[PDB]
């Protein structure tokens, strides 16, 4: 769920997830997907694409178990759909950390309606 995702992002990047990624670029947070503006934005594009494989659970409200130990994220003993959700989130959180070096403050609160549709598939 959003609660696990938020915690992961905070644990990996040390930044508040809502403020820093709630409206970032054309793919992070609210809204759907669009042509990614940068690496961070791309992380969000891939993440939302990942959620497509979830057919029996809610990536928004459904809770799953995971552990943050030894600076690593480990998905716990979850049902198939929940585990897939956890792995989607895990890869996303790592992706964000990997691209902190190009995080753009000007993209933090982006005008999503100005985003263009992409031709790239999931």
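Residue numbers count along the first chain shown, from 1.
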query: 91-99 versus 29-37 - greater average Cα B-factor per the deposited record; finding: 29-37
query: Higher-B stretch (mean Cα B-factor, as the entry records it), 43-51 or 57-65; finding: 57-65
query: CA B-factor placement of residue 114, once the chain's modelled residues are sorted into thirds; finding: highest
query: Where the record places residue 19 (Cα B-factor, split into thirds across the chain); finding: lowest
